[PDB]
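Peer 1: There's a structure below that I have some questions on.
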Amino acid sequence: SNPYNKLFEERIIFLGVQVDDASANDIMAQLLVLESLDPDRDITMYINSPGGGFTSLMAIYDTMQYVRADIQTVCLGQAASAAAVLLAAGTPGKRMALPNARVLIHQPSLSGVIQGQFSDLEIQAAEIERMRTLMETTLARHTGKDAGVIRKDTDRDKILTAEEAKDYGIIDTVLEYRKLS
Amino acid sequence: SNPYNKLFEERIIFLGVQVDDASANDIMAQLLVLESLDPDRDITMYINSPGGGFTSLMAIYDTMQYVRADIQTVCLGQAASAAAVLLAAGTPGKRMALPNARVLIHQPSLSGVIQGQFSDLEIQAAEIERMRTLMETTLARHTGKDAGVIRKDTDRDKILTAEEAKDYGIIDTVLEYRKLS
Amino acid sequence: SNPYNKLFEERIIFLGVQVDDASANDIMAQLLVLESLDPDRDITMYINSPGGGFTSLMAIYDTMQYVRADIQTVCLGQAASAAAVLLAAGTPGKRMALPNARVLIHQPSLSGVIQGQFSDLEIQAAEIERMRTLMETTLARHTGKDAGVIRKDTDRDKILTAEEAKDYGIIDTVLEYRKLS
Amino acid sequence: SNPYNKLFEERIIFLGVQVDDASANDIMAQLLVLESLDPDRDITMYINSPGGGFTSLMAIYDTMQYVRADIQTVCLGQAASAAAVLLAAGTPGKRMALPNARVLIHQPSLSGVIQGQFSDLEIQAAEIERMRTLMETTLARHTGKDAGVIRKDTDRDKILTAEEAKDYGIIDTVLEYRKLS
Amino acid sequence: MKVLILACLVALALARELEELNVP
Amino acid sequence: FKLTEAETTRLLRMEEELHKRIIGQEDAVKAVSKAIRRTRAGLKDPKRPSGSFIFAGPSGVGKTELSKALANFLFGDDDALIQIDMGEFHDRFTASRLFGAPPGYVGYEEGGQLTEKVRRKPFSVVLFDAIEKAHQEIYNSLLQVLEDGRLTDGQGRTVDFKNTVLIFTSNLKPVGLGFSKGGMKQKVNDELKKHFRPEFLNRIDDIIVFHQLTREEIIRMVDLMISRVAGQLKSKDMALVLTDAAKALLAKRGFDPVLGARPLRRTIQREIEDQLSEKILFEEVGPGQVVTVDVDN
Ligand SMILES: Nc1ncnc2c1ncn2[C@@H]1O[C@H](COP(=O)(O)OP(=O)(O)OP(=O)(O)O)[C@@H](O)[C@H]1O
Ligand SMILES: CC(C)C[C@H](NC(=O)[C@H](Cc1ccccc1)NC(=O)c1cnccn1)B(O)O
Ligand SMILES: CC(C)C[C@H](NC(=O)[C@H](Cc1ccccc1)NC(=O)c1cnccn1)B(O)O
Ligand SMILES: CC(C)C[C@H](NC(=O)[C@H](Cc1ccccc1)NC(=O)c1cnccn1)B(O)O
Ligand SMILES: CC(C)C[C@H](NC(=O)[C@H](Cc1ccccc1)NC(=O)c1cnccn1)B(O)O
Ligand SMILES: [Mg+2]
């Protein structure tokens, strides 16, 4: 067994890589297996991800909201873009983050230019607008902010230190070091 | 066993990747095995796909319509282009989608330019027209729309939220979260 | 075991990929093994191929004509160019196709330009002409057409729907869906 | 078993490669497994890394500070950029380095240009400034320097020989050769 | 390992009582 | 024989008399009550047994209790239930307890512990408790039992299992794998297809997958289990009376969908009849006194 197989025996999934469809289908497959192995024991989800992806975000957003088990998110070094939404998507009272982890909340973007007629670009922009409102509505029900506050805050990159990510509501506890180590 | 091997034991196939011939032959091989293991137990088909491919669409469209088992489609984060047709291609009463999954119905396109004489391009265009009518005839027998309504709706990209994809007829139930999680 | 290993236990080979020498030597190795395992039980050959290749076509054309077992071809989503010849190359009474599979019969081409002196190009063109006549002579003994009819029909791309591929003689039955599914 | 599997049985992890997210998630998975196998036995961490990465640094900085086991860092040939911070991040009294290992402490940089509006670049620069202060605050609590001294020292590349890396406070012992060898 | 012992009970080898032939 | 006027009315009351013990499980009762109506209307198949059931379902919802409510209905006690505890049969060779030893082996004279229970009582409810926990060819010895209606003894006597009602209570935690709306019976039905050999499933007359005990049925189950401790175990000139808030408190503590009626039974021996057993030994309330149970909080 790997370490990654050993953490999964203790119901811990790594996000680790960026949230694309390949990573989202991995995490959804891991969240549903861990739901079936013990639905009343908390899945822990370690997040060191640079973000990326919205449908892949909302694939593993909805799955960690679907499953019978409570999700404990732990931000390791980084939760940027989509991964900060997944960090807030843990169960309240859960959602740890290590003390030097940065949390980068950020409005949705298009990676590169997508061409098309203006009637096709009015739809790709009505979609990136409803991707923006869905990013802010999701992040408001998990941080307790007012979803126009998040639109003002995620208007640019807002890098949150873990101590000011629990003041923002992204996490709940900046988890302390166990032994001085 | 992987998680993907574990979901397949519970008769769940991921679409996951885009629908190309490599992915279509995988899903057809999975649909026929799950038909042979238990033909009277519902195959579930998880769809997080960005679409693509029409012959690869109609390869796994026809197979999930062929097999003795009812197909339960579940849109995870995305069912775009060909995958939205596969999402509607589930059994009626089945066809779930997660609440923040987008469904992108979309008329067939050519990825890039295909050259040729005009007598060769009158045939590639009579084919992309009958690919368009077959996309609309398939999506009309599964949504209950009138197939000219779908031509008006899929004239551009029509991104459907899951709540308005069951109003459209693509899915039947926006499936609720099990525990608050 | 994979699904592909499971279909091969039930004497089913996928064409799946395009017909090149790597795919042709795979299918010939699979056809000869399935001939040796049970020579009086029908090999099924699933065809979702975009075609390509003539010597690789006639490698697995001749092998599926060689073997003691009858070959049942099934067009999944596509049988283009060479693969449509392999689709017609099944045993008469066999040769199914799924209802939304397209069959693209097509005269042989050269992928890209091959240079040379004119005395070398008179031979590459006498070869692509006898590749054309061999494509039409093969497709006439399996469809019952008159081989000048096929020269008129495959003069351009002739995409056949499965319902009009049995009228053409490429397949014999458009195979019905088992359960509504 | 590999040698790398054999060193991990003796609770030794290699840093080895540069600190990116792929390497950080490996080391965090290794540090948490070795914490769970025996939390009161010292994890040794071999560092031959060229550095790189700040969130990946602070991912495995925080983990080696989190775990119940004391971390013994050993610089093999090189601890540059982030890896020198990880070298100082070992337990005091631990933190060896081989006699010809160089330690390159270095202020954070951006690999290549990141574009954007000036209001977006005021935030990427307020982040690389707080990445700089966090690099200096971390390296001051582990070397005993005054964190403005480190800003003066890491203003350029400061390559420390192991004998002058214990005078700097990065390591504690330049570990002697066992047998003349 | 899961080799069963097969008791194989014999039929009863038992004594016999006697009718006797009367004499003077 | 042609039925007494009383026995005719009781047998049309057979659902509502088996519901005096079985709370809920309505299609479970009217599948096993119809099997007795077939036997007594003279419509029993004279080759097939009278009833052949797999009472599959969740653990604790009344699989064994319906087999005991059936045996009390047909006999007057549930000690007339022939209960073969199939957890004892863990390997292939304990099938020699169903029909006894073959010739030339010890235990040949005793000739089976199921066949000889039915030679004495051919009209019997034969319970096979936890048939899933038998070996894969214990129940392959019952493939002539459930069509031909007889089992050949090791001594050489075919015994009539025709007038028996065979019951195979199989035992089939929260939600399964993956996305699904709501939240089941087809999961239990097809697990029988994977565990049991479908030769055995075709011989079963009815496969009944049992229901979750609803909260409206746990409230009725409180009244049944308090009726155990009073009247049979409080024949000490003591009377046990529960207020309607007290039975509501027991139902709110004993109700978990996934187990059913044993967490209620563990609740009553944690709230009621262990606090009551401390009050009898201390003689706070003792013999010759009516106990009322007010609600605690
Ligand atoms: N339907 C029921 N009616 C009355 N009491 C019930 C019922 N179901 C459960 N109980 C109570 O809980 C006990 C458990 O019922 P039963 O013995 O039938 O369990 P079971 O369903 O066979 O479970 P298992 O899977 O463990 O065999 C009963 O003896 C009774 O006290
Ligand atoms: C903050 C959350 C919402 C995610 C952030 N941005 C997005 O929403 C991502 C950014 C992205 C990633 C890859 C390719 C294109 C765009 N948006 C999308 O995935 C996306 C997809 N289709 C249309 C529009 N946006 B993150 O990636 O910065
Ligand atoms: C909506 C369904 C029908 C599928 C959508 N479009 C198509 O039909 C796809 C789009 C596509 C994908 C890959 C390469 C070229 C073209 N069309 C085809 O596959 C295709 C293939 N041959 C000729 C014409 N179209 B999807 O890919 O946007
Ligand atoms: C019925 C089939 C054979 C018709 C078409 N295929 C071909 O003609 C293929 C396509 C191809 C592949 C490689 C190099 C050149 C050409 N023809 C040949 O294999 C080929 C090979 N050598 C000389 C001439 N043609 B189809 O696949 O487009
Ligand atoms: C000394 C420690 C802090 C690490 C050193 N520098 C950094 O902090 C690294 C240098 C680096 C590496 C890869 C890609 C881009 C930038 N900083 C970062 O990783 C980084 C990441 N996001 C924004 C700004 N800096 B090392 O890489 O020279
Ligand atoms: Mg029981």
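Protein chains in written order, with the working numbering: chain A, 31 to 211; chain B, 31 to 211; chain C, 31 to 211; chain D, 31 to 211; chain E, 92 to 115; chain F, 65 to 361.
A virtual CB, placed ideally from N, CA and C, is assigned to each residue, including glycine.
Find out if the Cβ-Cβ distance for the pair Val49 (chain C), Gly82 (chain C) is shorter than 7 Å.
Peer 2: Walking along the third sequence from the start, residue 49 (chain C) turns up at place 19. Walking along the third sequence from the start, residue 82 (chain C) turns up at place 52. Their beta carbons are under 7 Å apart, which means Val49 (chain C) touches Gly82 (chain C) by this criterion.
Peer 1: Since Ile201 (chain B) and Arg125 (chain B) should fall inside the 8 Å C-beta cutoff, what is the C-beta to C-beta distance between them, to a whole number of angstroms?
Peer 2: Translated into positions along the second sequence, residue 201 (chain B) becomes position 171. Translated into positions along the second sequence, residue 125 (chain B) becomes position 95. Sure, about 5 Å apart at Cβ, within 8 Å.
Peer 1: Can you determine whether any heavy atom of ligand 3 sits closer than 6 Å to the C-beta of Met165 (chain B), and answer yes or no?
Peer 2: Here residue 165 (chain B) refers to the residue found at position 135 of the second sequence. Yes - ligand 3 has a heavy atom lying nearer than 6 Å to the Cβ of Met165 (chain B).
Peer 1: For the stretch 91-104 of chain C against the stretch 169-182 of chain C, do three or more pairs of beta-carbon atoms, one drawn from each stretch, fall closer than 8 Å, so that the two count as touching?
Peer 2: no
Peer 1: With hydrogens ignored, establish whether the beta-carbon of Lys127 (chain F) is closer than 6 Å to any heavy atom of ligand 6.
Peer 2: The residue given as residue 127 (chain F) occupies position 63 in the sixth sequence. For ligand 6, at least one heavy atom lies less than 6 Å from the Cβ of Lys127 (chain F).
Peer 1: Check whether the Cβ of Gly324 (chain F) lies closer than 7 Å to any Cβ atom in chain A.
Peer 2: Position 260 of the sixth sequence, counted from the start, is the residue given in the question as residue 324 (chain F). No, because no Cβ of chain A sits closer than 7 Å to the Cβ of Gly324 (chain F).
Peer 1: Within the continuous beta strand (DSSP E) that includes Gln102 (chain D), where are the two ends?
Peer 2: As a first step, residue 102 (chain D) is located in the fourth sequence; it is residue number 72 there, counting from the start. Start and end: 101-110.
Peer 1: I'd like the list of long-range same chain contacts for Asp72 (chain C), defined as Cβ closer than 8 Å, with 5 residues on each side in sequence excluded.
Peer 2: As a position in the third sequence, residue 72 (chain C) is number 42, starting the count at 1. Excluding residues within five positions, the ones whose Cβ falls inside 8 Å are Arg41, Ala99, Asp100, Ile101, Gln102, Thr121, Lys124.
Peer 1: Going by DSSP, name the residue or residues bridged to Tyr76 (chain D).
Peer 2: Locating residue 76 (chain D) in the fourth sequence gives position 46, counting from the first residue. Bridge partners of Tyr76 (chain D): D:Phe44, D:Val104.
Peer 1: Output the boundary residues of the alpha helix (DSSP H) element that contains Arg132 (chain D).
Peer 2: Position 102 of the fourth sequence, counted from the start, is the residue given in the question as residue 132 (chain D). Per DSSP, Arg132 (chain D) belongs to no alpha helix (DSSP H); it is in the beta strand (DSSP E), 132-135.
Peer 1: What does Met88 (chain B) touch in chain C if you count any residue whose Cβ is under 8 Å from its own?
Peer 2: Walking along the second sequence from the start, residue 88 (chain B) turns up at place 58. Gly107, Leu128, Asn130, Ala131, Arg132, listed in chain order.
Peer 1: Would DSSP call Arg160 (chain B) helix, strand or coil?
Peer 2: Here residue 160 (chain B) is taken as the residue at index 130 of the second sequence, counted from 1. It is helical.
Peer 1: How many Å lie between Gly168 (chain F) and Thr179 (chain F) at the Cα?
Peer 2: Working through the sixth sequence from its first residue, we reach residue 168 (chain F) at position 104. Working through the sixth sequence from its first residue, we reach residue 179 (chain F) at position 115. The straight-line gap from Cα to Cα measures roughly 19 Å.
Peer 1: Keeping to the same chain, check which residues put their C-beta closer than 6 Å to that of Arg162 (chain C); ignore five residues upstream and five downstream.
Peer 2: Working through the third sequence from its first residue, we reach residue 162 (chain C) at position 132. These residues qualify, in order along the chain: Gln137, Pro138.
Peer 1: Specify, as a first and last residue, the run of the beta strand (DSSP E) that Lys175 (chain C) falls within.
Peer 2: Here residue 175 (chain C) corresponds to residue number 145 of the third sequence, with the count starting at 1. That residue, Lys175 (chain C), is in no beta strand (DSSP E); it is neither H nor E in DSSP.
Peer 1: At which residues does the beta strand (DSSP E) containing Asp270 (chain F) begin and terminate?
Peer 2: To locate residue 270 (chain F), count along the sixth sequence from 1; it is residue 206. Where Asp270 (chain F) is concerned, the enclosing beta strand (DSSP E) stretches over 270-273.
Peer 1: Indicate whether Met75 (chain C) and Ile43 (chain C) have their beta-carbon atoms separated by less than 7 Å.
Peer 2: Within the third sequence, numbered from 1, the residue matching residue 75 (chain C) stands at position 45. Within the third sequence, numbered from 1, the residue matching residue 43 (chain C) stands at position 13. In this structure, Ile43 (chain C) lies closer than 7 Å to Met75 (chain C) by Cβ.
Peer 1: Quick one: using the 10 Å Cβ neighbour count with 16 as the cut-off for buried, is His154 (chain F) buried or exposed?
Peer 2: For the purposes of this step, residue 154 (chain F) is taken as the residue at position 90 of the sixth sequence. Classification for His154 (chain F): exposed.
Peer 1: Straight-line CA distance for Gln177 (chain F) to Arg156 (chain F)?
Peer 2: Within the sixth sequence, the letter at position 113 stands for residue 177 (chain F). Within the sixth sequence, the letter at position 92 stands for residue 156 (chain F). Straight-line Cα distance between these residues: approximately 16 Å.
Peer 1: Using a cut-off of 9 Å between C-beta atoms, extract the partners of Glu206 (chain A) located in chain B.
Peer 2: For this step, residue 206 (chain A) is matched to residue 176 along the first sequence. Those do not exist, as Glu206 (chain A) stays about 26 Å from chain B at its closest Cβ, beyond 9 Å.
Peer 1: Which chain A residues sit within Cβ distance under 8 Å of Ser211 (chain B)?
Peer 2: Along the second sequence, read from residue 1 onward, the residue named residue 211 (chain B) stands at position 181. Chain A residues near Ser211 (chain B): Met94, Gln95, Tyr96, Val97, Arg98, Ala99, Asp100, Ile101, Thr121.
Peer 1: Report all residues from its chain with a CB closer than 6 Å to the CB of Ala120 (chain F); omit the five preceding and five following residues, and keep chain order.
Peer 2: As a first step, residue 120 (chain F) is located in the sixth sequence; it is residue number 56 there, counting from the start. The answer, listed in chain order, is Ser234, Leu236, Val252, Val273.
Peer 1: Taking the Cβ atom as the reference point for each residue, do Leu306 (chain F) and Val357 (chain F) lie within a distance shorter than 7 Å?
Peer 2: Walking along the sixth sequence from the start, residue 306 (chain F) turns up at place 242. Walking along the sixth sequence from the start, residue 357 (chain F) turns up at place 293. The answer is yes: Cβ separation under 7 Å.
Peer 1: Between the stretch 53-69 of chain C and the stretch 275-287 of chain F, do three or more beta carbon pairs fall short of 8 Å?
Peer 2: no
Peer 1: Answer with buried or exposed for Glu65 (chain C), where buried requires no fewer than 16 other C-beta atoms within 10 angstroms of its C-beta.
Peer 2: The sequence position of residue 65 (chain C) within the third sequence is 35, counting from 1. Classification of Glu65 (chain C): buried, given that the 10 Å Cβ count is 16 or more.
Peer 1: Report, in whole angstroms, the separation of the C-beta atoms of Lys311 (chain F) and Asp287 (chain F), which I expect to be a contact under 8 Å.
Peer 2: As a working mapping, residue 311 (chain F) is identified with position 247 in the sixth sequence. As a working mapping, residue 287 (chain F) is identified with position 223 in the sixth sequence. Rounded, the Cβ-Cβ distance is 7 Å, consistent with contact.
Peer 1: Taking only beta-carbon positions, decide if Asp51 (chain D) is within less than 7 Å of chain A.
Peer 2: Along the fourth sequence, one-based indexing puts residue 51 (chain D) at 21. Yes, because at least one Cβ of chain A sits closer than 7 Å to the Cβ of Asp51 (chain D).
Peer 1: Relative to the C-alpha of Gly88 (chain F), which residue among F:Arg284, F:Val349, F:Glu342 is closest?
Peer 2: Counting from 1 along the sixth sequence, the entry for residue 88 (chain F) is found at position 24. Per the Cα distances, F:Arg284.
Peer 1: Below 8 Å on the Cβ atoms is my contact criterion, and I expect residue 15 (chain A) with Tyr91 (chain D) to pass it. Report the Cβ-Cβ distance as a whole number of Å.
Peer 2: An answer regarding residue 15 (chain A) cannot be provided, because it is not within the stretch 31 to 211 covered by chain A.
Peer 1: With distances taken between CB atoms, is the gap from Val104 (chain A) to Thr168 (chain A) smaller than 7 Å?
Peer 2: If you number the first sequence from 1, residue 104 (chain A) lands on position 74. If you number the first sequence from 1, residue 168 (chain A) lands on position 138. Result no, Cβ atoms of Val104 (chain A) and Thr168 (chain A) do not sit closer than 7 Å.
Peer 1: Please classify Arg101 (chain F) as buried or exposed, where buried requires at least 16 neighbouring CB atoms within 10 angstroms.
Peer 2: Along the sixth sequence, one-based indexing puts residue 101 (chain F) at 37. Answer is exposed; the Cβ neighbour count stays below 16.
Peer 1: Closest by CA to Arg171 (chain C), which one among C:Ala118, C:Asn35, C:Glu193, C:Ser31?
Peer 2: Along the third sequence, one-based indexing puts residue 171 (chain C) at 141. Checked all of C:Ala118, C:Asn35, C:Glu193, C:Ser31; the closest Cα to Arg171 (chain C) is C:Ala118.
Peer 1: Tell me which residues share the same chain as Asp51 (chain D) and place their Cβ nearer than 8 Å to its Cβ, disregarding the 5 neighbours each side in the sequence.
Peer 2: Taking the first residue of the fourth sequence as position 1, residue 51 (chain D) is located at position 21. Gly83, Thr85, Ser86, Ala89.
Peer 1: So within the stretch 180-267 of chain F, which uninterrupted beta strand (DSSP E) runs reach at least 3 residues, ignoring any that extend past its ends?
Peer 2: You should have 188-193, 214-216, 222-224, 228-233.
Peer 1: How far does the alpha helix (DSSP H) with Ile90 (chain D) in it reach, from first residue to last?
Peer 2: By 1-based counting over the fourth sequence, the position of residue 90 (chain D) is 60. Taken as a continuous stretch (DSSP letters only), the alpha helix (DSSP H) holding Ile90 (chain D) covers 85-96.
Peer 1: Check for me: the alpha helix (DSSP H) holding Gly115 (chain F) runs from which residue to which?
Peer 2: As a first step, residue 115 (chain F) is located in the sixth sequence; it is residue number 51 there, counting from the start. Careful: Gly115 (chain F) lies outside any alpha helix (DSSP H), inside the beta strand (DSSP E) at 115-120.
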